[PDB]
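Just so it is clear: chains get the letters A, B, ... in the order the sequence lines come, proteins before strands, and each one is counted from 1. We count ligands from 1, going down the list as the structure has it; atoms in each ligand are counted the same way.
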Protein chains: 6
Amino acid sequence: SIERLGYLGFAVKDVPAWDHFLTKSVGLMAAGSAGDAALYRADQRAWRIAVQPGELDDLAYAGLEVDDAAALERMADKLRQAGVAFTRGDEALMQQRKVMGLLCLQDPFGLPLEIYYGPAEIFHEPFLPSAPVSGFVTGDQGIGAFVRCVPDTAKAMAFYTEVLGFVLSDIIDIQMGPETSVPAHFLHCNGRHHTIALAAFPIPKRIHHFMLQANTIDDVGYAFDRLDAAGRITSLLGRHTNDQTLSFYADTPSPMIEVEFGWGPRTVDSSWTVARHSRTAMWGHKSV
Amino acid sequence: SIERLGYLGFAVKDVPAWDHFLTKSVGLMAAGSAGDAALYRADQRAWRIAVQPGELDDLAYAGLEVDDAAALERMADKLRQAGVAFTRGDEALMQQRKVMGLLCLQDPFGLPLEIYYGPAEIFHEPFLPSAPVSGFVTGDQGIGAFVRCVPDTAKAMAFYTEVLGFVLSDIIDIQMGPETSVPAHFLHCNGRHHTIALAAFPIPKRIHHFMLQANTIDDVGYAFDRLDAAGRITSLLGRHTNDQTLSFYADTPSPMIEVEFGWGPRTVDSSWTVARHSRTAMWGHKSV
Amino acid sequence: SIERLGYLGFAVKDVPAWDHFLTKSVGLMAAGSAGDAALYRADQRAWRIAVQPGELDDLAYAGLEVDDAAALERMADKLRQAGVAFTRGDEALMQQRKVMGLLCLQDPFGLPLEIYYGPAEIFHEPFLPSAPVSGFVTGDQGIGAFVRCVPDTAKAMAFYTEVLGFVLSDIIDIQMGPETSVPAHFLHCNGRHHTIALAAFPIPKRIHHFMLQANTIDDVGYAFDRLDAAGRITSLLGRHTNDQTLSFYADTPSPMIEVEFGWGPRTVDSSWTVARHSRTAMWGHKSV
Amino acid sequence: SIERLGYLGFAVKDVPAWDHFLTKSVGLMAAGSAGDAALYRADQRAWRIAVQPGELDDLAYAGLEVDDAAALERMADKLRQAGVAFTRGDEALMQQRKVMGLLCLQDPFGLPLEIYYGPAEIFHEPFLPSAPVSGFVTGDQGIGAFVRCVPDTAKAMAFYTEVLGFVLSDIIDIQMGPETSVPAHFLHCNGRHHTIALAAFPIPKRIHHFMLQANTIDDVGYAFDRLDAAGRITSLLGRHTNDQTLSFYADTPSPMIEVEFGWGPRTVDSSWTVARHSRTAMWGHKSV
Amino acid sequence: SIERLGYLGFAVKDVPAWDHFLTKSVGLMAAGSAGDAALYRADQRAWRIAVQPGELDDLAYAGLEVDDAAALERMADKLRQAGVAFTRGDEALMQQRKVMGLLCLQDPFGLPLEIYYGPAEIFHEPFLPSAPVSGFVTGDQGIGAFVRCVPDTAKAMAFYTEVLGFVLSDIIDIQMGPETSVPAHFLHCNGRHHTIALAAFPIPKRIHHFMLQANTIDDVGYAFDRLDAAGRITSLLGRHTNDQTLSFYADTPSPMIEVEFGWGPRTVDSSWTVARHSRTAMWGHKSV
Amino acid sequence: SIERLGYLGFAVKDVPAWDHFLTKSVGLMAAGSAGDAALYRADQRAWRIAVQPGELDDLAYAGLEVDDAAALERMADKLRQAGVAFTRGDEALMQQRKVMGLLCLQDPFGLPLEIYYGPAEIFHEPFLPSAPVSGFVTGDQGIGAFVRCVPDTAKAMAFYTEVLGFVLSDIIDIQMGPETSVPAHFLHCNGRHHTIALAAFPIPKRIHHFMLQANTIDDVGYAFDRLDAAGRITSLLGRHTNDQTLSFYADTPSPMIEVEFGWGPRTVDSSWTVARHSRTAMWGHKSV
Ligand SMILES: Oc1cccc(-c2ccccc2)c1O
Ligand SMILES: Oc1cccc(-c2ccccc2)c1O
Ligand SMILES: Oc1cccc(-c2ccccc2)c1O
Ligand SMILES: Oc1cccc(-c2ccccc2)c1O
Ligand SMILES: Oc1cccc(-c2ccccc2)c1O
Ligand SMILES: Oc1cccc(-c2ccccc2)c1O
């Protein structure tokens, strides 16, 4: 099964705005380019987020990591057994992503996924944030998470769990209207409470938002002010019911896609019990 | 197998007395109602104890928790293989218990059991005790425990261990008379030394008592005084031989059913060794 | 010198509103009454805040604590040497405040101060909050702090430091207007970064606000929502430059008097270095 | 497999001398009698060492513990498969040993072994040493260990490992003469470095000695003086090469059987590596 | 007495080279300007190092910090008693240095010293390094240290100890030639092993070098490479005999003035014993 | 599979030079001889490195350890299944190596390997270094590591992983020339990041170097100076990208074979993720 989320690639209409957003506001480290994609770092990996020009204004692909070559072949085997179409990346692609091997596929609703192993690290160019943030929590929990919009949760669920090996952490009934809610399913593939959540939201984007976890509460506090000066805040500070992440949300330059910048969540294991929650926030997160 | 005891439902003749008892004396948080049952909280769960009017004056049902949907199906499979009759709860029942799924059955002697998954949590309504108690120890150890009265221990043992997957912790020969004792069997399904004990007591109740574990010794000390002012004490403070729980006992408003309020026991694991004890108390617990 | 701030008494136009405010919103424990004052608890002390009817809608007095009888006499001596008028409380007053001895005086601008020793504690009636808050940080740091409005800071400074023995922690230039700021002086008399701050604010109240410190960040988060539902929020969450308290502000029912509810500040000692800051917030605290 | 050594029974010519030896010198707690055997305690177990009159002046039996009934049946199965004769203890024997079940057998050279489960504990009669010793290290590591004399190590090895499930920790070539040594094999069945060692010593006793482990170095130091006043010392203080136990040896009242009283050894696990040592002592243990 | 070294001001011929040096190589944060001085930050202080154009190519002044106003007056008193000339800084100077008060003087050999209190902090503009360094160790130990060149050590010693209140930590005989050494005197005024060292070196600069202490060994390792790429290394990594600082040295753009970038030294207290060392390095520090 | 690297044997032209090198410079303890091999100790093992005269000036053999006899037979079985030729060491060889059993084979390119169990320990002759080093990190991680030169990495990889059970940790592309690099494969068989690395280097030696890990950074610092006085340094201090070992390199007396003396690396487990690095050093290690 997938070990963790390692990278995200976006295709956007305003690359300079995304560049400023990811460096001056979020704190990521600019790390040159690959092909027509600008690269950004959060840690020792050569890159974690990629931004390229495109009319999509959306997540273009997501990289799903394994630990070694054999594990990648085993994932190939699973995709074959499941009837999911995939192609092995060629040399050019491998060089572009800076990986030792990869399989290209899509989830049931068109999101390109790239399962890989052997990512590049550059400890000789130590991470340097572009804005005041002490660092991010990644490591074995990967880069962070994202919330995937789907038309059919059950269908999405079967694919992510049965095929990719993710596991349901919990469910929240997200209130949409007076008498309307969406059952969001939070899935883990490691100690991070969730790496991918699935929800049938009525938005025209592949994802509702992506999430990065910073080292300290102050990291989060300072970032809020940075995004507020930029006029991008969508929620006040808050804390979630299910994962206990303390965060705020903000708009990216791509309409309808947000970012969540948080701290201090609960982690999980095999002993995690599926439960249901009626609210996303234990406190805070009022919309603005 | 069952992961933990999650809830208890009582059917009683004096609902107001039980309400006062569970809030002002024990410290539970009143949490509205469901159907004709009043609900009480000990933690983040939407409810842990339910009280409804009834001539029984006894435990009406007990909820046995699993971690996810698949585990529930696996329990279904075990019940089928064992020939134990059961029915899947309907929507109405699921809504009443605030669970995502359940199987209704009885143990060999008529106690209704409800095996479930996906309980409701409401972290947005943080627990607030009705009396001075810093909190209860629950989490993965569930709500607490109870001691089940049975006519045939061996028979009860086979069901709880072979069918529900509980495990014998130890046995105590409880002195009844000058030359009379009952071999009580203490069973675990997690780190709590026991969640259910089985004993052939000569009382006309399904259970001898239920037990809640508080965070501090002072929690226990203060509760004793609360129950003493209420005239409900049945034992002085004491400490058990087998689990090292430090507690006292008191009567509930249902005749012959007691509650045990304790602190600081030993926990268990796979390395737990079955042993036999000749007394329930290492010290204290004198009857009053 | 004064060891800590032990209690506050307010005189207000809407006692029921203050009662609801201090219990349902802040979380204090109602603790009966003394004279025409309603009493509220935050810990083991018999009372910490007192509310009585009055047209003032302001702080009526503040109790400044010492450790023993001799220390109280020594404070008497200091007041004599300094020419500050004072009167020893009579039996009736002592009984009302539940103290073993006290001296009544005023600061240079009319705020009644009561220096006392031997406060009453009632550990047999353990603290029980009226709203979800795990507890407050008091002990040797006293009940909390307040910010005192003064017409003459230098004059106020000389009295609090030279006479009462407080010590300057630091100064912040609080921006009032485009080119206008007030140099607020933060003073300590123990490990709490400040117990009293002095500032020449243009408001018609003795104090700008009082501050209570809760045990956890969640305590603060939950309280914000409680005060927001009440429509009382004046600032978003934030963190101070000087003390690192993480808090929010809200209106009390007395116009122009706020409360600050915070967590996790820096403490001080003899090695504290006076410094100057140009902003009150390191992050957050935007006015609303 | 066997989980730990739980008890030892000796048959001796001088019961009063053994009584004084185990209480006044070693520090064990006298715990009445069972049949014609006097019982001694080291902890919460009803008994750990038994002494009965007999011309043997030797170890009469050793009790090998399991964790539950099923494990005992599984050991029965193993003995059957291996062709080792055994008999299930009758009620009388079970009552005498205070166990819930047992199998009686002998090792290849005549030492009676008793495999059991469900030992009696009496926490209501807390352990009280007869001499100054803070306590013994037992628990999951059992009572201690012993060194078994055998004519054929290989043969003894096959039985203890293949049949009883013990595991080789290491081997020491114990120098007997100028050019003569005995390869002693140290075996574990839990965290205790060894519970049984096997050695082809030329003595006319089933065991060379038994070993108890005390809580502190001072416990050991004080015991030495106690045994020296009794004239029983056979070795000076020392520390072993293989287990790092710091101890001294002394004669019991049964000729050629010694006791080892030690402290602070290394524990083991699955990652333990078999090694060979040329001396028993890293330092000390000179014979006297 | 002086509490710590708070800031340094240099007057140099190549301001752009110093700017690049302090940001890209050392890792300091550029923090605008004051007068014709460019400012650099290492922590929460508004500034720690100042660089202005000048033919000196040397340390122009050093700021010596106290904790409050009274302490500053007490230092004034000491200077008066000692006959050392000084002037109180005017408003303009105070504004330039961002301090609440200061006294301007020189040491016996012309180095301008500025004793101050009430420095400015700007926690609302959190420190952001210009190069990969996790942070510096400052706080109560001040910015770091420097080694002061003097023609007369005894004379310099009397001034720094008797007048400014520094204390001798230890002495090292620094080998100059085959049979030539300089007795360097290392002085502390807080927990930092030394803040100022005095030595009769034959160089035409006020100081031999200044020293900054980074949080980690990696910080130091990475900086070495940064300075080596710049061609500025003067010593290999090493560790000092007296303070145990692990560091390397490099040239600044001002000829004959170096910088020392280190980690992990010993701290001191009242119990520090004066000792003498014959070498500066316990290991490493070979000149290059 | 192999548990760890236990010993190394070299065949050299200058035995006295190797003796001085391993004792006075590295710090190993001379431990007599076996056959025509001089023995050296790093810990409690009777020997860890052996040096014998020979024209090879290279690694003559390497000992690969298991935990017990059965494991050795299991390795025999694996070699048989794989078609790798091997011979069981005779008594003489066993006595020479001081082991209880061994299998002699070669890797695909001629390096003799000796898989063994039951090594000799001599705790009665506690380790005493010949030079100032507090000790080495060995234990379950074995003696250290080495980098093996191979003509065919893929071929070498298949043997070490599939046959001996080593596991790939990571890969580094070691820059050889302007546009030339060698993909070195770092393999583990325990917690040590690597025990054997494989690389297609163009040198006429079986190994590029062997590595020992000391207890402290000072151990490493002092050793550097020792080797520098001997004129043997090949690299400055540095820290690796993949294992985070902080070390320096030096020449042994055998041309083209170096030694690496390091400290403080990362350890591994099952959760280790294969990654790729473009440099060997995160910092330092400049060649000299
Ligand atoms: O981390 C998280 C935890 C719980 C809920 C959300 C969520 C909130 C709004 C929309 C979608 C998800 C989230 O990001
Ligand atoms: O927790 C417990 C541990 C040991 C015994 C009891 C017990 C005592 C009296 C009647 C039944 C059981 C108990 O609750
Ligand atoms: O705790 C505090 C720390 C720093 C500033 C304030 C403050 C803010 C606004 C008005 C007055 C004081 C405060 O309460
Ligand atoms: O614990 C131990 C560890 C190592 C050796 C012995 C030993 C010494 C002499 C005779 C037999 C065994 C022992 O008891
Ligand atoms: O921190 C330090 C500790 C000991 C010596 C020096 C030193 C070395 C060379 C010249 C002057 C001083 C130093 O900076
Ligand atoms: O421990 C290590 C970690 C990473 C690389 C090397 C290495 C460097 C040069 C040549 C071969 C290997 C090494 O020893």
S.K.: Say whether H194(F) and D170(F), considering side chains only, have a donor N or O and an acceptor N or O under 3.5 Å apart.
M.R.: no
S.K.: Under 3.5 Å, sequence neighbours excluded: what are the donor-acceptor pairs made by side chains of residues 279-288 of chain D?
M.R.:
residue, atom, partner, partner atom, Å
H285(D), NE2, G238(D), O, 3.4
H285(D), NE2, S247(D), O, 3.0
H285(D), NE2, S247(D), OG, 3.0

S.K.: Strictly under 4.0 angstrom, heavy-atom based: which residues surround ligand 6?
M.R.: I172(F), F186(F), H194(F), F201(F), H208(F), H209(F), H240(F), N242(F), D243(F), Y249(F), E260(F), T280(F)
S.K.: Within the distance-only criterion (no hydrogens, no angle test), does the side chain of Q175(D) pair as donor or acceptor with the backbone N or O of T180(D) below 3.5 angstrom?
M.R.: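 A pair under 3.5 Å: yes.
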S.K.: Show me, pair by pair, the donor-acceptor contacts under 3.5 angstrom made by side chains of residues 141-149 of chain D, not counting sequence neighbours?
M.R.:
residue, atom, partner, partner atom, Å
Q141(D), OE1, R192(D), N, 3.4
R148(D), NE, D107(D), OD2, 2.8
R148(D), NH1, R206(D), O, 3.0
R148(D), NH2, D107(D), OD1, 3.0
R148(D), NH2, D107(D), OD2, 3.1
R148(D), NH2, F109(D), O, 3.4

S.K.: With no hydrogens and no angle check, do the side chains of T245(F) and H240(F) hold a donor and an acceptor under 3.5 Å apart?
M.R.: no
S.K.: Which residue pairs pass the salt bridge (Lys or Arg N to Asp or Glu O under 4.0 Å) test with at least one member in residues 238-250 of chain C, sequence neighbours excluded?
M.R.: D218(A)-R239(C)
